[PDB]
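Here is the structure we will look at.
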Amino acid sequence: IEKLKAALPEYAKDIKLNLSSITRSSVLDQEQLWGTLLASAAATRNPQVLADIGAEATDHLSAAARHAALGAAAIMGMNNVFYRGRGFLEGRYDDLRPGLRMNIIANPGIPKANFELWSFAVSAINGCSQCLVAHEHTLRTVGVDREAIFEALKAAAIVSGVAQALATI
Amino acid sequence: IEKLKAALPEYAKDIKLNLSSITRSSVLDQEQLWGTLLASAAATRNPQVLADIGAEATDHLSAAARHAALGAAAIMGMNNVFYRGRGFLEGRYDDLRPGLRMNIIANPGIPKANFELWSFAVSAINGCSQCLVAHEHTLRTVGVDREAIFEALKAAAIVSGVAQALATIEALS
Amino acid sequence: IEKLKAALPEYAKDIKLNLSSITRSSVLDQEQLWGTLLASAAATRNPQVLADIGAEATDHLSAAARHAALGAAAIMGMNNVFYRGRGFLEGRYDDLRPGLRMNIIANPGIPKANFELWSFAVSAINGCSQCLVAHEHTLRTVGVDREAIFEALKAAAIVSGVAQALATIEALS
């Protein structure tokens with residue numbers, strides 16, 4: 001949403017400059033861009049941005065896609081915490097069974113190439129490496145350029161910057 | 001708790017099933033099962049979520065209990081930053097008095113245990129290993145199990161997933 | 001300050017003494033302690049805290065300064081995520097070219113040795129080791145004392161504790 005680029009303060013010019021440029025590249029198609037932009041935004045917790053990018057991510061994302069990217073955010077929210085947490089315990093709990101349900105990572109709808117990538121984005125924002133890494137893997141395998149994956153990280157990072165600046169005014 | 005479940009969308013079923021399972025569970029002291037779901041929901045920072053795990057906790061915890069829980073998140077919000085922080089600085093700050101009071105550490109009511117428990121929980125939501133390890137090494141001393149610390153982590157992670165799941169819908173309309 | 005200290009609960013007793021203690025600081029400046037305080041509040045994302053600190057802020061800080069601390073939080077918000085993610089990938093992308101504009105960092109408007117203190121404090125709140133370490137290195141290079149940097153870290157953690165503490169009350173009841 002352009003009203004979103006317009007809401008950014010003047011001491012956060014860079015973020016604006018980075019938002020209009022990331023939100024209109026090409027390296028990623030539309031479903032991969034807006035899909036990541038949507039996932040990242042719900043992950044910032046700033047509803048302003050989620051409402052805006054989402055409104056824009058309707059003329060690009062499919063009905064299933066929207067739910068997908070939002071599901072990714074939902075489920076990485078739990079996992080990013082779990083795995084990073086276990087990871088900090090020197091493997092001392094790797095034996096138990098997490099029990100956490102997550103049939104959705106099997107994507108329950110939409111291509112994994114995209115699901116997986118949006119999960120990357122979210123993991124980048126939440127700060128969980130044991131997840132950021134495996135998704136870069138699951139991706140790299142199914143394909144996806146090293147360029148596309150990087151741009152997504154750039155997307156997560158820029159969405160996070162917008163959230164912060166809009167949350168300072 | 002049961003109310004909050006009809007909230008999540010069709011795209012977050014896992015979270016739902018996940019939420020009814022962690023509480024339906026019985027791996028730890030019912031108390032340990034709420035000041036952890038509480039301190040944790042408080043850690044998430046979602047107002048809606050903190051309210052529900054606020055309702056079913058109304059004496060589901062021992063009054064001074066909530067104080068300990070909610071006090072765990074509050075004091076950890078400080079600690080998880082300072083310590084994670086000092087831990088990134090190559091140890092060039094390991095000898096400076098972090099004149100930060102945290103006396104609540106000598107927990108109020110609740111015996112100095114479940115504190116380190118939901119404390120541990122909170123540390124997970126915030127991502128501070130430095131703390132997460134100490135509260136675990138200590139928890140594994142006051143005779144606290146391990147399936148229970150694990151159970152706590154599952155709890156911490158699930159509420160966050162519930163937080164994220166909710167906050168997205170709570171905004172869009 | 002005072003108005004914010006009284007809004008906090010009883011159990012958050014330790015944070016109180018902390019914000020109160022961090023407030024009447026000598027270690028850092030008026031501009032320093034306050035851009036940090038201001039940038040940290042913005043970083044905790046808590047509306048109320050940004051407001052109380054801002055209100056008091058625009059009193060010890062110049063417009064160019066208040067804007068700088070807010071720009072730091074905004075820009076670190078982008079950078080703390082990118083750099084952290086790239087480090088998680090183990091340099092396997094360390095030179096793919098970020099292509100992310102900054103410069104607010106090159107020239108923030110006010111003296112760097114203050115903008116850096118502010119970016120540092122925010123990187124501690126977001127938890128980016130790559131950034132904290134860079135900004136901490138930079139700081140020493142330009143003359144700031146580790147006591148001062150240590151003071152900024154504390155500020156950030158204490159402010160964080162405030163946000164967390166005030167957040168729960170604001171939610172429940």
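Letters A, B, ... mark the chains of the structure tokens in the order given; residue numbers begin at 1 per chain; ligand numbers begin at 1, in order shown.
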
How would chain C read as a PDB file with C-alpha atoms, in the first residue's frame after a least-squares superposition onto chain B over every Cα atom, matched in order?
```
ATOM      1  CA  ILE C   1      -8.755 -21.638  26.552  1.00  0.00           C
ATOM      2  CA  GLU C   2     -11.849 -22.725  24.588  1.00  0.00           C
ATOM      3  CA  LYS C   3     -12.721 -19.086  23.878  1.00  0.00           C
ATOM      4  CA  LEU C   4      -9.154 -18.512  22.703  1.00  0.00           C
ATOM      5  CA  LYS C   5      -9.018 -21.676  20.611  1.00  0.00           C
ATOM      6  CA  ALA C   6     -12.084 -20.585  18.626  1.00  0.00           C
ATOM      7  CA  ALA C   7     -10.674 -17.085  18.058  1.00  0.00           C
ATOM      8  CA  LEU C   8      -7.779 -18.652  16.137  1.00  0.00           C
ATOM      9  CA  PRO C   9      -8.009 -19.107  12.325  1.00  0.00           C
ATOM     10  CA  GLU C  10      -8.160 -22.371  10.377  1.00  0.00           C
ATOM     11  CA  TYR C  11      -4.641 -22.332   8.999  1.00  0.00           C
ATOM     12  CA  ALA C  12      -3.388 -21.929  12.590  1.00  0.00           C
ATOM     13  CA  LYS C  13      -4.809 -25.427  12.900  1.00  0.00           C
ATOM     14  CA  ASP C  14      -1.593 -26.824  14.358  1.00  0.00           C
ATOM     15  CA  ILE C  15      -1.418 -24.255  17.161  1.00  0.00           C
ATOM     16  CA  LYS C  16      -4.980 -25.074  18.120  1.00  0.00           C
ATOM     17  CA  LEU C  17      -4.192 -28.732  18.735  1.00  0.00           C
ATOM     18  CA  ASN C  18      -1.091 -27.511  20.540  1.00  0.00           C
ATOM     19  CA  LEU C  19      -2.680 -25.125  23.046  1.00  0.00           C
ATOM     20  CA  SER C  20      -5.432 -27.694  23.465  1.00  0.00           C
ATOM     21  CA  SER C  21      -2.826 -30.382  23.997  1.00  0.00           C
ATOM     22  CA  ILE C  22      -0.599 -28.314  26.280  1.00  0.00           C
ATOM     23  CA  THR C  23      -3.645 -27.326  28.275  1.00  0.00           C
ATOM     24  CA  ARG C  24      -4.681 -30.815  29.389  1.00  0.00           C
ATOM     25  CA  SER C  25      -1.175 -31.601  30.677  1.00  0.00           C
ATOM     26  CA  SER C  26      -0.225 -34.059  33.410  1.00  0.00           C
ATOM     27  CA  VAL C  27       3.534 -33.562  33.171  1.00  0.00           C
ATOM     28  CA  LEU C  28       3.391 -30.195  34.933  1.00  0.00           C
ATOM     29  CA  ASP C  29       1.343 -29.139  37.973  1.00  0.00           C
ATOM     30  CA  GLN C  30      -1.642 -26.856  38.153  1.00  0.00           C
ATOM     31  CA  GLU C  31       0.537 -24.085  39.507  1.00  0.00           C
ATOM     32  CA  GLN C  32       3.459 -25.018  37.258  1.00  0.00           C
ATOM     33  CA  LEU C  33       1.679 -25.358  33.907  1.00  0.00           C
ATOM     34  CA  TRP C  34      -0.256 -22.220  34.747  1.00  0.00           C
ATOM     35  CA  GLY C  35       2.452 -19.833  35.891  1.00  0.00           C
ATOM     36  CA  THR C  36       4.359 -20.924  32.763  1.00  0.00           C
ATOM     37  CA  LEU C  37       1.262 -20.400  30.635  1.00  0.00           C
ATOM     38  CA  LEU C  38       0.667 -17.053  32.388  1.00  0.00           C
ATOM     39  CA  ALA C  39       4.288 -15.823  32.292  1.00  0.00           C
ATOM     40  CA  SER C  40       4.578 -16.981  28.623  1.00  0.00           C
ATOM     41  CA  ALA C  41       1.388 -15.119  27.630  1.00  0.00           C
ATOM     42  CA  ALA C  42       2.767 -11.968  29.270  1.00  0.00           C
ATOM     43  CA  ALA C  43       5.991 -12.595  27.346  1.00  0.00           C
ATOM     44  CA  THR C  44       4.254 -12.876  23.931  1.00  0.00           C
ATOM     45  CA  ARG C  45       3.121  -9.332  24.726  1.00  0.00           C
ATOM     46  CA  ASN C  46      -0.278 -10.020  23.151  1.00  0.00           C
ATOM     47  CA  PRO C  47      -3.022  -8.312  25.261  1.00  0.00           C
ATOM     48  CA  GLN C  48      -5.809 -10.720  24.357  1.00  0.00           C
ATOM     49  CA  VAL C  49      -3.720 -13.799  25.170  1.00  0.00           C
ATOM     50  CA  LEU C  50      -2.545 -12.436  28.510  1.00  0.00           C
ATOM     51  CA  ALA C  51      -6.245 -11.848  29.221  1.00  0.00           C
ATOM     52  CA  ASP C  52      -7.667 -15.252  28.244  1.00  0.00           C
ATOM     53  CA  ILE C  53      -4.847 -17.080  30.025  1.00  0.00           C
ATOM     54  CA  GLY C  54      -4.982 -14.730  33.000  1.00  0.00           C
ATOM     55  CA  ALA C  55      -8.744 -15.136  33.306  1.00  0.00           C
ATOM     56  CA  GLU C  56      -8.320 -18.886  33.403  1.00  0.00           C
ATOM     57  CA  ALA C  57      -5.083 -18.443  35.370  1.00  0.00           C
ATOM     58  CA  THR C  58      -6.543 -16.831  38.495  1.00  0.00           C
ATOM     59  CA  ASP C  59      -8.380 -20.072  39.161  1.00  0.00           C
ATOM     60  CA  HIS C  60      -5.515 -22.598  39.326  1.00  0.00           C
ATOM     61  CA  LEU C  61      -3.047 -20.033  40.682  1.00  0.00           C
ATOM     62  CA  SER C  62      -2.858 -18.189  44.003  1.00  0.00           C
ATOM     63  CA  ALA C  63      -2.550 -14.377  43.998  1.00  0.00           C
ATOM     64  CA  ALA C  64       0.990 -14.684  45.284  1.00  0.00           C
ATOM     65  CA  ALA C  65       1.626 -17.070  42.365  1.00  0.00           C
ATOM     66  CA  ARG C  66      -0.024 -15.111  39.537  1.00  0.00           C
ATOM     67  CA  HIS C  67       2.038 -12.154  40.745  1.00  0.00           C
ATOM     68  CA  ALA C  68       5.189 -14.273  40.686  1.00  0.00           C
ATOM     69  CA  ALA C  69       4.759 -15.458  37.073  1.00  0.00           C
ATOM     70  CA  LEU C  70       4.163 -11.840  36.015  1.00  0.00           C
ATOM     71  CA  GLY C  71       7.166 -10.677  37.975  1.00  0.00           C
ATOM     72  CA  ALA C  72       9.291 -13.347  36.268  1.00  0.00           C
ATOM     73  CA  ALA C  73       8.301 -12.150  32.798  1.00  0.00           C
ATOM     74  CA  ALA C  74       8.988  -8.592  33.902  1.00  0.00           C
ATOM     75  CA  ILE C  75      12.381  -9.324  35.379  1.00  0.00           C
ATOM     76  CA  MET C  76      13.456 -11.720  32.603  1.00  0.00           C
ATOM     77  CA  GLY C  77      12.474  -8.915  30.208  1.00  0.00           C
ATOM     78  CA  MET C  78      15.320  -6.854  31.685  1.00  0.00           C
ATOM     79  CA  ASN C  79      17.760  -9.692  32.238  1.00  0.00           C
ATOM     80  CA  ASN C  80      17.299 -11.514  28.905  1.00  0.00           C
ATOM     81  CA  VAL C  81      18.504  -8.371  27.176  1.00  0.00           C
ATOM     82  CA  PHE C  82      21.393  -7.432  29.449  1.00  0.00           C
ATOM     83  CA  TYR C  83      22.937 -10.878  29.710  1.00  0.00           C
ATOM     84  CA  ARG C  84      22.478 -11.581  25.989  1.00  0.00           C
ATOM     85  CA  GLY C  85      24.163  -8.302  25.038  1.00  0.00           C
ATOM     86  CA  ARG C  86      27.057  -8.912  27.429  1.00  0.00           C
ATOM     87  CA  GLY C  87      27.558 -12.359  25.918  1.00  0.00           C
ATOM     88  CA  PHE C  88      27.649 -10.777  22.460  1.00  0.00           C
ATOM     89  CA  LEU C  89      30.513  -8.594  23.705  1.00  0.00           C
ATOM     90  CA  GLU C  90      32.423 -11.802  24.487  1.00  0.00           C
ATOM     91  CA  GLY C  91      32.860 -11.422  28.242  1.00  0.00           C
ATOM     92  CA  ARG C  92      34.872  -8.251  27.533  1.00  0.00           C
ATOM     93  CA  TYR C  93      32.512  -6.737  30.095  1.00  0.00           C
ATOM     94  CA  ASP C  94      31.716  -9.911  32.062  1.00  0.00           C
ATOM     95  CA  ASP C  95      32.827  -8.099  35.202  1.00  0.00           C
ATOM     96  CA  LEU C  96      32.091  -4.407  34.941  1.00  0.00           C
ATOM     97  CA  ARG C  97      29.248  -4.832  37.453  1.00  0.00           C
ATOM     98  CA  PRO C  98      25.607  -4.833  36.233  1.00  0.00           C
ATOM     99  CA  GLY C  99      24.212  -3.012  39.264  1.00  0.00           C
ATOM    100  CA  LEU C 100      20.710  -4.135  38.312  1.00  0.00           C
ATOM    101  CA  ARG C 101      18.350  -5.080  41.111  1.00  0.00           C
ATOM    102  CA  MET C 102      16.531  -8.398  41.157  1.00  0.00           C
ATOM    103  CA  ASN C 103      15.877 -10.433  44.300  1.00  0.00           C
ATOM    104  CA  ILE C 104      12.423 -11.178  43.044  1.00  0.00           C
ATOM    105  CA  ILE C 105      14.586 -14.107  41.875  1.00  0.00           C
ATOM    106  CA  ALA C 106      16.239 -14.585  45.311  1.00  0.00           C
ATOM    107  CA  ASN C 107      12.788 -14.812  46.900  1.00  0.00           C
ATOM    108  CA  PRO C 108       9.785 -14.630  44.548  1.00  0.00           C
ATOM    109  CA  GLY C 109       7.156 -15.288  47.222  1.00  0.00           C
ATOM    110  CA  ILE C 110       6.369 -18.850  46.117  1.00  0.00           C
ATOM    111  CA  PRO C 111       8.725 -21.850  45.767  1.00  0.00           C
ATOM    112  CA  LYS C 112      11.749 -21.192  43.584  1.00  0.00           C
ATOM    113  CA  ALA C 113      11.318 -24.458  41.673  1.00  0.00           C
ATOM    114  CA  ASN C 114       8.325 -22.781  40.083  1.00  0.00           C
ATOM    115  CA  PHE C 115       9.614 -19.270  39.655  1.00  0.00           C
ATOM    116  CA  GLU C 116      12.551 -20.782  37.823  1.00  0.00           C
ATOM    117  CA  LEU C 117      10.310 -22.858  35.607  1.00  0.00           C
ATOM    118  CA  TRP C 118       8.622 -19.568  34.767  1.00  0.00           C
ATOM    119  CA  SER C 119      11.829 -17.576  34.152  1.00  0.00           C
ATOM    120  CA  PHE C 120      13.035 -20.430  31.962  1.00  0.00           C
ATOM    121  CA  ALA C 121       9.939 -20.389  29.756  1.00  0.00           C
ATOM    122  CA  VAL C 122      10.244 -16.590  29.349  1.00  0.00           C
ATOM    123  CA  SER C 123      13.930 -16.733  28.536  1.00  0.00           C
ATOM    124  CA  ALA C 124      13.036 -19.207  25.758  1.00  0.00           C
ATOM    125  CA  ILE C 125      10.516 -16.701  24.383  1.00  0.00           C
ATOM    126  CA  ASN C 126      12.895 -13.769  24.524  1.00  0.00           C
ATOM    127  CA  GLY C 127      15.760 -15.957  23.320  1.00  0.00           C
ATOM    128  CA  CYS C 128      18.549 -15.529  25.852  1.00  0.00           C
ATOM    129  CA  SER C 129      20.804 -18.568  25.880  1.00  0.00           C
ATOM    130  CA  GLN C 130      22.792 -17.269  28.879  1.00  0.00           C
ATOM    131  CA  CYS C 131      19.566 -17.093  30.903  1.00  0.00           C
ATOM    132  CA  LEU C 132      17.852 -20.248  29.605  1.00  0.00           C
ATOM    133  CA  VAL C 133      20.997 -22.293  30.371  1.00  0.00           C
ATOM    134  CA  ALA C 134      21.326 -20.782  33.893  1.00  0.00           C
ATOM    135  CA  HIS C 135      17.695 -21.322  34.773  1.00  0.00           C
ATOM    136  CA  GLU C 136      17.746 -24.810  33.263  1.00  0.00           C
ATOM    137  CA  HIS C 137      20.821 -25.682  35.342  1.00  0.00           C
ATOM    138  CA  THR C 138      19.168 -24.290  38.464  1.00  0.00           C
ATOM    139  CA  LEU C 139      15.986 -26.220  37.777  1.00  0.00           C
ATOM    140  CA  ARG C 140      17.685 -29.617  37.618  1.00  0.00           C
ATOM    141  CA  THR C 141      19.641 -28.740  40.751  1.00  0.00           C
ATOM    142  CA  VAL C 142      16.388 -28.330  42.697  1.00  0.00           C
ATOM    143  CA  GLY C 143      14.808 -31.578  41.531  1.00  0.00           C
ATOM    144  CA  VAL C 144      12.603 -30.687  38.548  1.00  0.00           C
ATOM    145  CA  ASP C 145      12.582 -33.233  35.722  1.00  0.00           C
ATOM    146  CA  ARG C 146      13.844 -32.431  32.251  1.00  0.00           C
ATOM    147  CA  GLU C 147      10.484 -33.780  31.065  1.00  0.00           C
ATOM    148  CA  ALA C 148       8.890 -30.996  33.056  1.00  0.00           C
ATOM    149  CA  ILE C 149      11.406 -28.427  31.844  1.00  0.00           C
ATOM    150  CA  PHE C 150      10.909 -29.739  28.349  1.00  0.00           C
ATOM    151  CA  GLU C 151       7.170 -29.306  28.973  1.00  0.00           C
ATOM    152  CA  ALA C 152       7.738 -25.663  29.967  1.00  0.00           C
ATOM    153  CA  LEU C 153       9.709 -24.962  26.769  1.00  0.00           C
ATOM    154  CA  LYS C 154       6.878 -26.406  24.681  1.00  0.00           C
ATOM    155  CA  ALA C 155       4.341 -24.335  26.594  1.00  0.00           C
ATOM    156  CA  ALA C 156       6.322 -21.166  25.856  1.00  0.00           C
ATOM    157  CA  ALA C 157       6.587 -21.953  22.142  1.00  0.00           C
ATOM    158  CA  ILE C 158       2.957 -22.962  21.836  1.00  0.00           C
ATOM    159  CA  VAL C 159       1.855 -19.855  23.737  1.00  0.00           C
ATOM    160  CA  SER C 160       4.072 -17.842  21.390  1.00  0.00           C
ATOM    161  CA  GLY C 161       2.415 -19.441  18.358  1.00  0.00           C
ATOM    162  CA  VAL C 162      -0.926 -18.473  19.852  1.00  0.00           C
ATOM    163  CA  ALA C 163       0.068 -14.821  20.268  1.00  0.00           C
ATOM    164  CA  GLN C 164       1.355 -14.645  16.708  1.00  0.00           C
ATOM    165  CA  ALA C 165      -1.711 -16.400  15.305  1.00  0.00           C
ATOM    166  CA  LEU C 166      -4.271 -14.365  17.233  1.00  0.00           C
ATOM    167  CA  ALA C 167      -2.334 -11.200  16.490  1.00  0.00           C
ATOM    168  CA  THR C 168      -2.787 -11.422  12.708  1.00  0.00           C
ATOM    169  CA  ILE C 169      -6.555 -11.921  12.820  1.00  0.00           C
ATOM    170  CA  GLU C 170      -6.911  -9.106  15.358  1.00  0.00           C
ATOM    171  CA  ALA C 171      -5.050  -6.968  12.832  1.00  0.00           C
ATOM    172  CA  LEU C 172      -6.408  -7.871   9.382  1.00  0.00           C
ATOM    173  CA  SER C 173     -10.199  -7.966   9.497  1.00  0.00           C
TER     174      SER C 173
END
```

Next on the checklist: Report as a ChimeraX atom specification all protein, DNA and RNA residues lying within 12 Å of stretch 18-28 of chain A, evaluated on only C-alpha atoms, omitting residues in the same chain fewer than 2 positions from it.
Outcome noted: /A:1-8,12-16,30-38,49,53,56-57,60,113-114,117-118,144-163,165 /C:75,78-79,98-102

Checklist entry - Out of A:168, A:79, A:141, A:107, which residue has the shortest atom-to-atom distance to chain B when counting only C-alpha atoms? => result A:79

Item to check | Å distance separating atom CA of residue A:67 from atom CA of residue A:97, one decimal place | outcome: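 Distance between the two atoms: 28.0 Å.
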
Checklist entry - So how far away is atom CA of residue A:81 from atom CA of residue A:125, in Å? => result 11.9 Å

Give the alpha helix (DSSP H) residues of chain A, as DSSP finds them on the backbone, and put them as a compact mmCIF listing (two decimals) with C-alpha atoms, in the first residue's frame.
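For reference, selection_39.txt as written:
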```
# COMPACT_ATOMS: atom_id res chain seq x y z
CA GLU A 2 1.40 3.41 -0.98
CA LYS A 3 -0.22 5.05 2.02
CA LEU A 4 2.21 2.87 3.94
CA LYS A 5 5.30 4.29 2.25
CA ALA A 6 3.75 7.68 2.92
CA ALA A 7 3.32 7.02 6.66
CA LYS A 13 14.11 7.90 4.65
CA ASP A 14 16.32 4.86 3.98
CA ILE A 15 13.58 2.43 5.08
CA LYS A 16 11.17 4.20 2.73
CA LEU A 17 13.76 4.13 -0.07
CA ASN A 18 14.32 0.43 0.67
CA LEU A 19 10.55 -0.31 0.82
CA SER A 20 9.64 1.14 -2.56
CA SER A 21 12.68 -0.58 -4.07
CA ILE A 22 12.15 -3.99 -2.48
CA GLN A 30 4.49 -11.47 -7.27
CA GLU A 31 3.38 -14.44 -5.17
CA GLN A 32 6.88 -14.76 -3.76
CA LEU A 33 7.31 -11.07 -3.05
CA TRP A 34 3.96 -10.11 -1.61
CA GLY A 35 3.79 -13.53 -0.01
CA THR A 36 7.05 -12.88 1.85
CA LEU A 37 6.11 -9.25 2.50
CA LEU A 38 2.86 -10.51 4.06
CA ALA A 39 4.47 -13.21 6.18
CA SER A 40 7.17 -10.88 7.46
CA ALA A 41 4.64 -8.19 8.37
CA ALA A 42 2.43 -10.44 10.53
CA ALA A 43 5.69 -11.49 12.19
CA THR A 44 6.57 -7.90 13.17
CA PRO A 47 -0.94 -4.47 12.61
CA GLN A 48 -0.59 -1.18 10.76
CA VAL A 49 1.89 -2.68 8.35
CA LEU A 50 0.07 -6.02 8.26
CA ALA A 51 -3.12 -4.23 7.30
CA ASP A 52 -1.34 -2.28 4.55
CA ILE A 53 0.96 -4.82 2.91
CA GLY A 54 -1.91 -7.31 3.26
CA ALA A 55 -4.32 -4.98 1.46
CA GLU A 56 -1.66 -4.76 -1.28
CA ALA A 63 -6.76 -16.85 -1.63
CA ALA A 64 -4.87 -19.98 -0.55
CA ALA A 65 -1.55 -18.12 -0.73
CA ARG A 66 -2.67 -15.49 1.77
CA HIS A 67 -3.66 -18.17 4.28
CA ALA A 68 -0.40 -19.93 3.52
CA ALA A 69 1.92 -17.02 4.28
CA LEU A 70 -0.14 -16.29 7.41
CA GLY A 71 0.04 -19.92 8.45
CA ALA A 72 3.81 -19.85 7.97
CA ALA A 73 3.96 -16.91 10.34
CA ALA A 74 1.68 -18.64 12.85
CA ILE A 75 3.63 -21.94 12.96
CA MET A 76 7.15 -20.45 12.81
CA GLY A 77 6.08 -18.45 15.83
CA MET A 78 5.91 -21.66 17.86
CA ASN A 79 8.78 -23.53 16.22
CA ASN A 80 11.26 -20.65 16.07
CA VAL A 81 10.90 -20.60 19.87
CA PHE A 82 11.00 -24.36 20.36
CA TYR A 83 14.03 -25.24 18.19
CA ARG A 84 16.12 -22.25 19.18
CA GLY A 85 15.30 -23.11 22.77
CA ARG A 86 16.27 -26.76 22.47
CA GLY A 87 19.34 -25.68 20.49
CA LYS A 112 6.21 -25.51 -0.95
CA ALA A 113 8.75 -23.44 -2.85
CA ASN A 114 6.76 -20.44 -1.67
CA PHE A 115 5.70 -21.75 1.73
CA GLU A 116 9.26 -22.65 2.54
CA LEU A 117 10.54 -19.24 1.43
CA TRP A 118 8.04 -17.30 3.55
CA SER A 119 9.06 -19.50 6.48
CA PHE A 120 12.63 -18.37 5.80
CA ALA A 121 11.58 -14.75 6.03
CA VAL A 122 9.70 -15.26 9.33
CA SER A 123 12.56 -17.22 10.90
CA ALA A 124 14.85 -14.33 9.99
CA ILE A 125 12.59 -11.91 11.87
CA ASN A 126 12.03 -14.12 14.93
CA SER A 129 18.89 -20.21 13.11
CA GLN A 130 18.03 -23.91 13.38
CA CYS A 131 14.97 -22.96 11.34
CA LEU A 132 16.46 -20.28 9.11
CA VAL A 133 19.05 -22.85 8.04
CA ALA A 134 16.85 -25.90 7.30
CA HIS A 135 14.49 -23.75 5.20
CA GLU A 136 17.36 -22.37 3.20
CA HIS A 137 18.14 -26.05 2.69
CA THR A 138 14.61 -27.34 1.89
CA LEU A 139 14.55 -24.44 -0.52
CA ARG A 140 17.98 -24.70 -2.13
CA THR A 141 17.02 -28.30 -2.86
CA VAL A 142 13.58 -27.83 -4.42
CA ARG A 146 20.62 -17.99 -4.04
CA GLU A 147 19.45 -14.60 -5.30
CA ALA A 148 15.78 -15.23 -4.54
CA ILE A 149 16.47 -16.48 -1.01
CA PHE A 150 18.67 -13.48 -0.23
CA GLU A 151 16.08 -11.01 -1.51
CA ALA A 152 13.56 -12.64 0.82
CA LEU A 153 15.89 -12.04 3.81
CA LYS A 154 16.14 -8.48 2.49
CA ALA A 155 12.34 -8.44 2.39
CA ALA A 156 12.00 -9.66 6.00
CA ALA A 157 14.61 -7.13 7.09
CA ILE A 158 12.96 -4.23 5.29
CA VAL A 159 9.46 -5.13 6.53
CA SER A 160 10.91 -5.16 10.07
CA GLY A 161 12.39 -1.70 9.52
CA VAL A 162 9.05 -0.29 8.34
CA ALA A 163 7.30 -1.74 11.42
CA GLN A 164 9.84 -0.11 13.74
CA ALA A 165 9.76 3.33 12.06
CA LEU A 166 5.97 3.38 11.92
```
